[PDB]
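Below is one structure, written out as structure tokens; comments come after it.
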Amino acid sequence: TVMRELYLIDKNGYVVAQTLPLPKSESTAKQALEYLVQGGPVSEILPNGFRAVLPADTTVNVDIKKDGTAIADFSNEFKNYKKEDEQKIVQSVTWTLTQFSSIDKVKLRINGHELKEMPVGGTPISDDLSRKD
Ligand code: NA
Ligand code: NA
Ligand code: NA
Ligand code: NA
Ligand code: NA
Ligand code: NA
Ligand code: NA
Ligand code: NA
Ligand code: NA
Ligand code: NA
Ligand code: NA
């Protein structure tokens, strides 16, 4: 296994970094996002009191560009979150991706559509989400 940060939601509802041991992978950014999905492989290794963040059955493609941007393009299930978790989800995805050496910012898509706003509640989002946010 390899130590990775997963930005999970704790017993008090906060998005908090947790270090988990993930199997070795040739697509580590995608893998880390797969370990944020409710009901996915993180389920067996969640630390006490923590939960996963992305809706069940969400899948994703991560395309890492030469400028440091990771384009994370989610399946339609990604729309199935609770409104009030909208910004926590953006933060979790952003912080989880930007741990990697080749990613310093994030752009979100759903079903290959570019996102100006998150779908459930309309939170505006830029194409250069980063830890500065
Ligand atoms: Na905590
Ligand atoms: Na809270
Ligand atoms: Na890994
Ligand atoms: Na592997
Ligand atoms: Na693996
Ligand atoms: Na990789
Ligand atoms: Na907790
Ligand atoms: Na779910
Ligand atoms: Na890069
Ligand atoms: Na509401
Ligand atoms: Na980085």
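Throughout, residue positions are numbered sequentially from 1 according to the sequence presented. Both ligands and their constituent atoms are indexed starting at 1 by order of listing.
A side-chain donor-acceptor contact under 3.5 Å links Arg131 to the backbone of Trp95. Side chain of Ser130 to main chain of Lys105: no donor-acceptor pair is present (N/O by atom type, distance under 3.5 Å, no hydrogens or angles).
The Na ion (ligand 11) has no N, O or S atom of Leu97 under 3.0 Å away, backbone or side chain. Within the 3.0 Å limit, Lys24 places at least one N, O or S atom next to the Na ion (ligand 4). Among the backbone and side-chain atoms of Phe100, an N/O/S atom is found under 3.0 Å from the Na ion (ligand 11). Taking 3.0 Å as the criterion, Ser102 does not count as a coordinating residue of the Na ion (ligand 11), since none of its N, O or S atoms falls below it.
Between the side chains of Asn61 and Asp73, not a single donor N or O lies within less than 3.5 Å of an accepting N or O.
In summary, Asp63 and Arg109 do not engage in a salt bridge, as defined by a charged side-chain N under 4.0 Å from a carboxylate O.
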Taking it one step at a time, do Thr96 and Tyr35 satisfy side-chain contact (heavy atoms from CB on, under 4.5 Å)?
CA-CA 10 Å; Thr96 300; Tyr35 275 81; over 6 Å; no
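Around the Na ion (ligand 2), the protein contributes the following N, O or S atoms under 3.0 Å, ordered by chain and number: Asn12 O.
Classification of the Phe74-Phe78 ring pair by plane angle, with boundaries at 30° and 60°, yields parallel.
Both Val15 and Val93 sit in one connected hydrophobic cluster of ILVMFWY residues. Membership requires side-chain heavy atoms under 4.5 Å apart, directly or through other members.
In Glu44, the CD atom is crowded: over 12 heavy atoms of neighbouring residues, nucleotides or ligands sit closer than 6.0 Å.
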